[PDB]
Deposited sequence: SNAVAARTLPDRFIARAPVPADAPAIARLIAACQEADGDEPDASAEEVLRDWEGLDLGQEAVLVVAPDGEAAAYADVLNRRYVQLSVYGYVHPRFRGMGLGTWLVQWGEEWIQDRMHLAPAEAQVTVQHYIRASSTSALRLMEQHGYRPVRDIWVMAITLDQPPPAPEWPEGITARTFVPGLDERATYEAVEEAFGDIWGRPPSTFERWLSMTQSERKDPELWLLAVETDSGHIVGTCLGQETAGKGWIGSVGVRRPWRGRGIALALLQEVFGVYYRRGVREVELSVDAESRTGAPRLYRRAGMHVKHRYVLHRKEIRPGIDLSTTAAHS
């Protein structure tokens, strides 16, 4: 069911400006500043197939009423990012997007191993009660908190205090590739990636090694920790900071972060952000606030099981 006057259609790159504004109107209601730009939309469209992987609900006045796009992992877990313009709420439109995403994976579901359980998931701003209820109404249930940490560097960060016997090593291309990959797959191991997969995903970011830091034990010459930063559009993003198990509790993550911040700062990057998972109600690790960061926004991950089976998302 959709209101008569409303047309759903695949987005075209010329919709980038219209859609940016839809997100802006949405992020405004949640209490966020309207950061959104068509420039970002065009960039986040770099990966996806516009025809198949996104939908645009066009309003009678020719303006974008609602929009969603999907991230797909091995067809066992579908992430869905929806928005409905704050004027159009309570029209059945947010419900429509939800089922669109559900029907998306259901139509493709045969490409998943048959025993694999199939899930769809949404990341909801903790603040908007409207979408919080729509999830529960639709059977989507709270799984985990995701915290977006941010830091503005207008002033030089503190100098890292490195634990005895560990120091910073800037990633050296042509040398440190395999070793860094092993430390990342261990410290963290989200899906396990093979080495070639990891290589292709990082190919861009490894052309800027200044921002890939390794905590390295001096005696062994072994990577005990990593912080791999990147720079996009004059903003920093840190994908993963982490320490291999035998080296935890030495304050290595804090040193890694403080060091990465120094590189960004003396590079002139004003804002760095990253993202951290936390069990519902625990809050982010004291690590991040101690590194000078602060909470930008909090999302609650909502998940629903489309088909029963063993959990393959992590294997």
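Peer 1: So which bits of the deposited chain never got modelled?
Peer 2: Several stretches lack coordinates - namely 1-7, 197-200, 327-330, in sequence order.
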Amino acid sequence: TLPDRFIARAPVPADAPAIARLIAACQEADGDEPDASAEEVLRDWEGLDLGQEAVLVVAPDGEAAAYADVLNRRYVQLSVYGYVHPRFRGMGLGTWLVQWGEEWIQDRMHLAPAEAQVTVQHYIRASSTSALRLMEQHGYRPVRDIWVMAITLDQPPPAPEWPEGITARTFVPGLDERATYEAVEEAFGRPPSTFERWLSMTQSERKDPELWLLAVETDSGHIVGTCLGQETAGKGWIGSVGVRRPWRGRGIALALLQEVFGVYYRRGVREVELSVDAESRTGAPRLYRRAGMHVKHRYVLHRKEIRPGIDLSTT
From here on, numbers count along this sequence of modelled residues.
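Peer 1: Tell me which stretch, 123-131 or 159-167, has the higher mean Cα B-factor listed in the entry.
Peer 2: Taking the mean B-factor of the alpha carbons in each, 123-131 is higher.
Peer 1: Which wins on mean Cα temperature factor, 293-301 or 11-19?
Peer 2: Taking the mean B-factor of the alpha carbons in each, 11-19 is higher.
Peer 1: What's the residue among 28, 259, 271, 53 with the greatest CA temperature factor in the PDB record?
Peer 2: Among 28, 259, 271, 53, the highest C-alpha B-factor in the entry belongs to 28.
Peer 1: From 154, 176, 185, 102, can you pick the one with the highest C-alpha B factor in the entry?
Peer 2: Each of 154, 176, 185, 102 was compared by C-alpha B-factor; the highest is 185.
Peer 1: Can you tell me which third, lowest, middle or highest, the CA B-factor of residue 68 falls into for its chain?
Peer 2: Ranked within chain, residue 68 CA B lands in the middle tercile.
Peer 1: Taking the entry's C-alpha B-factors for this chain, is residue 96 in the lowest, middle or highest third?
Peer 2: Residue 96: CA B-factor falls in the middle third of its chain.
Peer 1: Going by what the PDB entry lists, where does residue 191 fall on CA B-factor within its chain: lowest, middle or highest third?
Peer 2: CA B-factor rank for residue 191: highest third.
Peer 1: Using the temperature factors of the C-alpha atoms in this entry, rank residue 202 within its chain: lowest, middle or highest third.
Peer 2: Residue 202: CA B-factor falls in the middle third of its chain.
Peer 1: Comparing against every modelled residue in the chain, figure out the third that the C-alpha B-factor of residue 252 lands in (lowest, middle or highest).
Peer 2: Residue 252: CA B-factor falls in the lowest third of its chain.
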